Structure formats: C-alpha cells, structure tokens
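Participant: Pasting in a structure now, in structure tokens, and then I'll have a few things to ask.
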Amino acid sequence: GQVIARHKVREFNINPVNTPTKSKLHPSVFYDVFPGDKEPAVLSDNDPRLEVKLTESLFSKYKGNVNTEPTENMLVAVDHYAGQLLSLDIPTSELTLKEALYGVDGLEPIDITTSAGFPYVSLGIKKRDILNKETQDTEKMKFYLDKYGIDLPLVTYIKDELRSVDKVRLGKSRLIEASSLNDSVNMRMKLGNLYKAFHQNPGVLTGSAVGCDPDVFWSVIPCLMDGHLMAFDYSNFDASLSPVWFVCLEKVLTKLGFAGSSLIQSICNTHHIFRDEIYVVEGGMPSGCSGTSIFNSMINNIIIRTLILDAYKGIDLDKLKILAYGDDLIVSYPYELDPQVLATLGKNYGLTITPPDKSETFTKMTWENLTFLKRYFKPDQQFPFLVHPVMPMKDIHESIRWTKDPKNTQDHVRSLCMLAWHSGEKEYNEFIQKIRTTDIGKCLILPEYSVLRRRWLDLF
Ligand SMILES: [Sm+3]
C-alpha cells in the first residue's frame, strides 16, 4: 500500500479530530519488582525520547505497492481456497439491521466501547446514543444510515500501547484506522454469515483461528497439522497488501456466492483522517475495519498457497494444511519445504514475511520451537494429549509493569494468572510470590495453581 495523495480536511469541508495526544499508561507498582524494557508508544511530536520526525514515521509503513493482475498461480490458490470454503456450506443470505447490530449466535453485538468513527466522532455523538442494547433498537441506526450513507472515510487514531525501545524512538507507534459505524454495520449486514462461519469453524478448512480459546484449541492444532511444519509472521502485514490480494479476496467471496464482495474494493482504496491532513491510500488493510481479522487470514491463505506454487512444482494443495490468525501462520505439508525459500519468493509481491514470534532465523520448525498467537506449545505432563498455551513469562512481566487505571489492577493481574500458570507450578508460585512483595499485591486475591489446573481440565 502507498499513500497516493494528501489533502487538508478544509478542502473537503470536514471538522478535524483532536487525536488523544498523551499516553494513559503509567508505571504500576510491579515496575520495580519485575523486569522489562518496553515503554508506552509515542503519541506526540514533542515526546523527548523521539529521535525522528513523527509524521514521516507514522506512515513509513507504506513502503510501496506492487501492481499486477492476478498471477496464474495466484488464481489456482483462490479456486482451491474458495473450494474448501464451499464445503462448509456458508449461507449467502444477508443479515438484518437488528442481527448485525446486536449479534446472532456466531456474531457478537458490535462493541459499544470502540469508536463510532466519522462523522460521529466530530459531532460528540458516540455509540451509546444510537445503540440501546436492552431494547435492540433499529430506528436510530436506520435514521443515521439514511442521513450520512455508506463508504465514509476512516478516523485514524494512533494506538496507545507498549512498544520495544526501538519502535519508541523510531516513531513506529502504529495506527488504528477506525471505521464509521455506518460502514461497519453495512458489511456486517451482508458478510455477516461469512464471519459467522469463520467464528464457528476455526480450523484447517477455513484456514483460520480467529475467535478461539487457545486454552482448548491448542490441544487440537497438533491433530490437524499432521505433517512437517512451518511458521511465519510478517512485519507490517496490513500496510504491505498490494491491491492484487484484495482482487483475490473479492474473487473468493464472489465464488462463495456473496453479492457484496464489491465491498472489498471499498476497503482497498480508502480515505483516512489523521489529525486534520486527510490521506488517501491505494491498497493496505485498514487495521480496525469490520472484518479485518477474517479478511487478513483469508488473504494469508491466498498468499502462502501462491508462494508455495511459485516456489515448488509437483505439489498437491489438498495436503497443504494452513492455520492463520491474521499475519500469524502455521503450515504443514507431507514433505519438508523450505521456509526461507518462501519468504524470499513473497518479497516480489511487496511482502516482508518472517520467522514466527520468538525465533531468530528460519530453522526447521518443531512443536518445541513453534509460536502461534505469541504462545508456545507445551504438552501436559500427566495427560500429554492436552496441550498448554504458554505465553512467555517475559511478555507477562512486561505487561504487569504498567497500568491504565490502577483500580482494575486486580482484573488485569488475575487475567495474567490465567496465562502465567501454563508455564508450570514452579514459575507460577514465583510469580504470585513476587507480586505479593508489594503492598497492594498482597491485598489482591489470586487463584492458587491447583484451582487453575482444574478449571482448565474441566474445559474438556
Ligand atoms: Sm503477528
């Protein structure tokens, strides 16, 4: 994706947005007791630890844009991937303003904590005013739908979160390019069954993990990926998606039977409202559109299928098994294919594909080394057929040392226990013991290890 043009909001007569220009992240009491580097992201041009122009930094992610019509290999991959997806028998029927608004079984009511987006953000009017959860009202939406229409621009906040020392100074703090409520209900109303299917079918058929409890799903990935092993992750996946991949994503939904795949063009080329200065981009996935997670996965399934055909000759795609959660990949084939080969090959579609999280360089992948959703795979001692998701203790330490509002310093610490304990009894007791060094640490009521193991076992 490349930025084709920049204008001022004045030119379009649009009220600018005062982007939250201060981090709400402060150091928690566990800042001294645990180790970590990561500090909060840069949200302002002045921010003293910044060694670079922020304007340029925030948008450097848009490296360029490769222009082709879909390759022959590309085209095979969409017919094969779409093929698998037909077997699921996904309804092509569209959803209702009421369904799309407040969920069905499969979907979850649009979050009334996220931004409504343009133009609502600049009218002070937020999600609650339109959305009555108890009533399940459709008058306020239908009104503001008829009024402002669809295909509205995107409000581009800059995301407030922990970043590594490098991504702090180099101004890499990434963006959420948030969608208008109009647009998110619109295509949530006609690809609602596409999302429904992916949420109910996390696996090797959808090539998807989006919406899955790793607690249980971890202990089933190894049954599904029965073959050799590869894993990947990209740097700036979203921004790097040249339009071609979108023309494939559409082509897939078209074969699936969704009139509405036209929407996909509407996310490829988009307008973004950053501070005032409104950008317009060709390509790139909006990080925080409606089906971002799902569309990425689908495209990733298109991409590795393509790269592997590009790279190799005599290959049956039916035995190629894939599992993507956005940029995160796991893939398996009966024969040992070379990750490195693939990564290079994809670099001529504009992609920077890379070894999975916590991996220095492409070696043969093994269940001992693998990462997915930032977690290791550690099979249980007593019952080796059950598999633990092990979020590394560094990542958990790095999270506990900061806090937004130290009232929910419990809710946050408890949540970290549900992840920590998978590391094993020895480490979990060291963890809560160190937490309980601090004075507010001891007042927190924490689950004991045997409690957490039992809750986990009961899930089966
Ligand atoms: Sm990733």
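Just so it is clear, chain A uses Swiss-Prot numbers, and the residues here are 1720-2179, in order.
Using N, Cα and C of the backbone, Cβ positions are placed for all residues, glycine too.
Not my notes, these are from Swiss-Prot:
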BINDING   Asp1952, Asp2046  Mg(2+) 1 binding site
BINDING   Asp1952, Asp2046  Mg(2+) 2 binding site
DOMAIN    1946-2060  domain 'RdRp catalytic'
Participant: Check the DSSP secondary structure of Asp2046 (Mg(2+) 1 binding site), expressed as helix, strand or coil.
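Facilitator: Reduced to three states, the DSSP call for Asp2046 (Mg(2+) 1 binding site) is coil.
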Participant: Please work out the number of neighbouring Cβ atoms within 10 Å of the Cβ of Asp1952 (Mg(2+) 1 binding site), leaving out its own Cβ.
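Facilitator: The answer is 20.
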Participant: Ten-angstrom check, please: count other Cβ atoms within 10 Å of the Cβ of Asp2046 (Mg(2+) 1 binding site), all chains counted.
Facilitator: 22
Participant: Where does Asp1952 (Mg(2+) 1 binding site) sit in DSSP terms: helix, strand, or coil?
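Facilitator: In the DSSP reduction, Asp1952 (Mg(2+) 1 binding site) maps to strand.
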Participant: Which numbers of helix, strand and coil residues does DSSP report for the domain 'RdRp catalytic' (1946-2060)?
Facilitator: 49 helix, 25 strand, 41 coil
